[PDB]
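Quick heads-up: it's one chain on its own, the form deposited without dimethylpropanedioic acid (MU6), in structure tokens.
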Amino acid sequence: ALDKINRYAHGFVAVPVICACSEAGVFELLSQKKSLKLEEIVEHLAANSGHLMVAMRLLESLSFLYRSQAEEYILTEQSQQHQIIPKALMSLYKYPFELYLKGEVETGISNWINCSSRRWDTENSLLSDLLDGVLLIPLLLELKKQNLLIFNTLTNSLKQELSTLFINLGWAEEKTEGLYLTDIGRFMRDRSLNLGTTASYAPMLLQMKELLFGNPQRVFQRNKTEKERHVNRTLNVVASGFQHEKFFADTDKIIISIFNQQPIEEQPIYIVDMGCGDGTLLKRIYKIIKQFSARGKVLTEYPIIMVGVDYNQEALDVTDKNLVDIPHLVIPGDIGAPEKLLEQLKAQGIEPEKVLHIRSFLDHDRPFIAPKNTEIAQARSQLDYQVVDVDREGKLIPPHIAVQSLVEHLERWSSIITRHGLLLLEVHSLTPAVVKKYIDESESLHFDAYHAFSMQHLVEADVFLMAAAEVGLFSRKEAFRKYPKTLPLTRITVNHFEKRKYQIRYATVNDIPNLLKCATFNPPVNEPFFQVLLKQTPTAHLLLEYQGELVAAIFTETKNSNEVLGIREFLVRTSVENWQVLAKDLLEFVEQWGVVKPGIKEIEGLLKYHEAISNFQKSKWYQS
């Protein structure tokens, strides 16, 4: 029942992609020559490689195609579905539903209502719902916006149209007397705001042809007034603010812990939210402190000051008003410039070491800064990252470059984070293998697509935790939360990052000489087996470094339809100070990292390798 709303959102993004690919000859091209790499498709259709990569990943996730071992795209039988889509269906992204209701339009939507009644002339249930979403999303939102949700206030023609539609969808019934919204109907109305984020990108999605095959900057160029035209930003902010706020309550346990920590005088004074928006999160945190923490009993003697930072002056004004009766400060700032933030805070006389930094859902929407560490980026290019990211020319940014960009961005933040740490909520993309497997249960198909199309910078959850670990930021175990809770995929993380003295990164082939010399729980591993492990999973073996010195490393195996992660090797160097604590930290990180690893349902070996490091002398490690 709840899978219907998700499928509608899938269709809202997928139908523009499918129709644009169809009209351009993508499916014909992949028929005349059955195995093309991305760049051959780009070349022959004069496409934009970045947006096209977004479209191909979406098509792969819908099982319309797959990639060979050589990364060639091959169509499946499902791809024939593109012929079922009526190509005039794209007109609905431009149809004045506001005028249709109120009856000030020449042409109604009877044709589409009839299409939906016939399930769009296919027995593919998923496909029928994808097509429905193109119609039902704008219609349901306009019906909501005008408080029409019965139809006794519309003209008789309009009433019959929508009564037919609603009755065919199981949304309304009339047994005795008049109409009545069913449970499903009542639920679609009561959840319409969740569709508002996806719906707000209708202008961009209408121009999918331009993104894939034309000049993408025509979609995004802003006028003198600086209004965005790829998205209805005002509706977007309302809708996404409503969705983001659903995760603010997971900060409560973190805030309560922080402001229960004795002694009061050593707790934070300032709580600084980068990208504060309307200040909803700052307001919530202050109320939680006041009601539920030890700090809240002594604010008279030890005041808390809430600080809202935003690069938009109107947001500072709204936040200023929303934080009335709370001691607060509003200042300009940018997620990309923590060093300027620190400078402005010092200018205010704010003691930097007294700051708890916080933010929600902003790192992926930062202005992209290209990597400056060209050497470390090159090392990275051998790893098998699947991050899709698109530049202002519509060209694909190589995954390792997008990752290096995130690492350097977090490094700038890492250099200012205090003992109080960094409260950080973020949303994440998934891989197509996992999106394909959980298409009904997860939002990723449409959400990852419209994020990449609009040149935002999602990464998979494990990539994000790795990027943080590479710069010494570690998500504290007692604060951590991931969603969806019970599926083997992570779209949202709630983190309290603390700064530590060491870093964790992926082991590489270049580390094998150092690794060979470590003490090891299993008998000394030789080079070929290290090579086997690194080759089959280049981004699944973790190592902890301190002041350029290897301290410990954990190798893993991924098995059983890639559902099971298992600990495979445990290496340490016992000449490094505090090595045993550090090695236990690494094992704890591997568990957290494994929990958010796309597609992993369980982790094997934690008990066995925990005992090995905990009772080290009794476990008789080799080469110690």
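So that there is no doubt, residue numbering starts at 1 and follows the sequence shown.
Note that the form deposited with dimethylpropanedioic acid (MU6) bound isn't included here; everything after this is about it.
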Touches dimethylpropanedioic acid (MU6) in the deposited complex: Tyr450 (any heavy atom, 4.5 Å): yes
Distance check, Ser444 to dimethylpropanedioic acid (MU6) in the deposited complex, heavy atom within 4.5 Å: no
Quick one: does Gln267 come within 4.5 Å of dimethylpropanedioic acid (MU6) in the deposited complex, counting heavy atoms only? no
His364 near dimethylpropanedioic acid (MU6) in the deposited complex, any heavy atom under 4.5 Å? yes
Checking a candidate spot here: are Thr197, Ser240 and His244 all in contact with dimethylpropanedioic acid (MU6) in the deposited complex (at least one heavy atom each within 4.5 Å)? yes
Note which of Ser163, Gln78, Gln456, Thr182 lies within 4.5 Å of dimethylpropanedioic acid (MU6) in the deposited complex, where distance is taken over heavy atoms; exactly one does. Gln456
Find the only residue in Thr418, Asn236, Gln261, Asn111 having a heavy atom within 4.5 Å of dimethylpropanedioic acid (MU6) in the deposited complex. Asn236
Have a look at 476-484, 542-550, 197-205, 88-96 and name the one stretch with heavy atoms inside 4.5 Å of dimethylpropanedioic acid (MU6) in the deposited complex. 197-205
